[PDB]
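Asks: Quick one, what's the 3D model for this:
(chains A and B)
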Amino acid sequence: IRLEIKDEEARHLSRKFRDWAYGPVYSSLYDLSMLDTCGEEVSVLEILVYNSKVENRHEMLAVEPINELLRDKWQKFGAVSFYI
Amino acid sequence: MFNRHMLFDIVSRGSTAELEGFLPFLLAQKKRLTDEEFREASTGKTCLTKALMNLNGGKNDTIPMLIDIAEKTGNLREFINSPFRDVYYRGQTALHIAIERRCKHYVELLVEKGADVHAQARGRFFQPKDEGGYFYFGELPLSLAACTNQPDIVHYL
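Replies: Residues are numbered from 1 along each chain as shown, chains lettered A, B, ... in the order given. Okay, here it is:
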C-alpha cells in the first residue's frame, strides 16, 4: 500500500504519490486500484471483511487508506441507508 | 517561438537561451507581458508566477529576466503585482509563492523591483478548514513567512 518507487521506470505501478507540498500540508495520493473494485470480480476490502478469519484483521483495517476509505462511503451511504 | 504555449513551457524548462530575442520581439508587435494573452485566462497565472512554481533547485534565471523584459515595457509595479484573477486561488501573487518555496534570494528581488507587500491572497483555498480551504495564514505575506517557520523573511520584511 505504501509503494513509492524512485527508479522512475517502474513508476507507472507505484502506489503512493505526492500531489502538492505547500509547506506544512502534504497531499498524498493512494490508488484505489483493487481496494474498491466497482465493476470487477472481488476486492481487497471484501476479503478483509468477508473471507479473512485471522485475528490480525482488526489491526489490518487500521492501515492508512482504508481508515479513510471506509469513511468515504460511510458519509455517502450511511445517512441515506439509515433514513430508508 | 512567437506564441504563448512555447513561452509558458520554456520558463518551466528553465532555459534562458531558448528565450532570446523576445524583448525585441515585444518591441515589434507592441505587446505587453500581461496584456491579454501572456497570462492564464482561467486563473491569471503569469510567466513570473509560473517561474516560481517549477524551480531548478530553487533557482530559475528567467526570474530576473522576466523582470528585465517587464522593465522595458514599464510594468514593474504591474508584472510583479498582478494577483490571480480566479476565485479558488484568488489574490495569490508571486510574492506569496516565493515566500512559500523559501526562495530567500528571490524574495529580496521582488521587493527591490517593486512589490506590493500588502497583497491579500483571499482565495477560497486560503480559507480555514471550516470555510472550505485547506490552509489559512491570514492572507498576508508577513504572516505567511511566520507560518512557514521562516523568520528569515520576517527579518527581511
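Asks: Residue B:135 and residue B:126 touch, don't they?
Replies: Yes - using Cβ atoms under 8 Å, residue B:135 is in contact with residue B:126, at 6.7 Å. C-beta coordinates here come from the backbone N, C-alpha and C atoms, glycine included.
Asks: Sketch out the helices for the chain, chain order is fine.
Replies: Went with chain A since none was named. Taking DSSP state H as the test, the helices found in chain A are A:44-46, A:57-60, A:64-83.
Asks: wait, I meant chain B there
Replies: Per DSSP H, chain B carries helices over the ranges B:4-13, B:22-28, B:47-53, B:62-73, B:76-79, B:94-100, B:104-112, B:141-147, B:151-156.
Asks: which one of these lies closest to chain A?
Replies: Proximity to chain A (Cβ to the nearest Cβ) singles out helix B:94-100 among the helices of chain B, at 6.2 Å.
Asks: what helices or strands is that closest one leaning on?
Replies: Counting contacts by 3 or more Cβ pairs under 8 Å, 6 or more residues apart in numbering or on different chains; DSSP states H and E, helix B:94-100 packs against helix B:47-53, helix B:104-112, helix B:141-147.
Asks: picking that back up, mean neighbour count, the helices of chain A: which tops it?
Replies: The highest mean neighbour count among the helices of chain A, using mean count of other Cβ atoms under 10 Å in any protein chain shown, belongs to helix A:44-46: a mean of 16.
Asks: who in chain B is up against chain A?
Replies: Within chain B, the positions adjacent to chain A are B:100, B:134-135, B:147-149 by Cβ under 8 Å from any Cβ of the partner chain.
Asks: Now compare those residues and name the two farthest from each other.
Replies: B:134 and B:149 (17.7 Å; Cβ to Cβ).
Asks: residues from chain A in reach of chain B?
Replies: Chain A comes close to chain B at residues A:22-25, as judged by Cβ under 8 Å from any Cβ.
Asks: Swap in 7 Å and give it another go.
Replies: A:22-23, A:25 (Cβ under 7 Å from any Cβ of the partner chain).
Asks: What subset of those is buried?
Replies: Buried by 16 or more other Cβ atoms under 10 Å in any protein chain shown: residue A:23, out of these.
Asks: Relative to residue B:24, which of the residues of chain A next to chain B is nearest.
Replies: Nearest to residue B:24 among these, counting by Cβ to Cβ, is residue A:22 at 37.6 Å.
Asks: pretty sure that closest one contacts residue B:133?
Replies: No - if you go by Cβ atoms under 7 Å, residue A:22 and residue B:133 don't touch, sitting 11.4 Å apart.
Asks: Which neighbours do these two have in common?
Replies: By Cβ atoms under 7 Å, 6 or more residues apart in numbering or on different chains, residue A:22 and residue B:133 have no common neighbours.
Asks: Fine, thanks again, bye for now.
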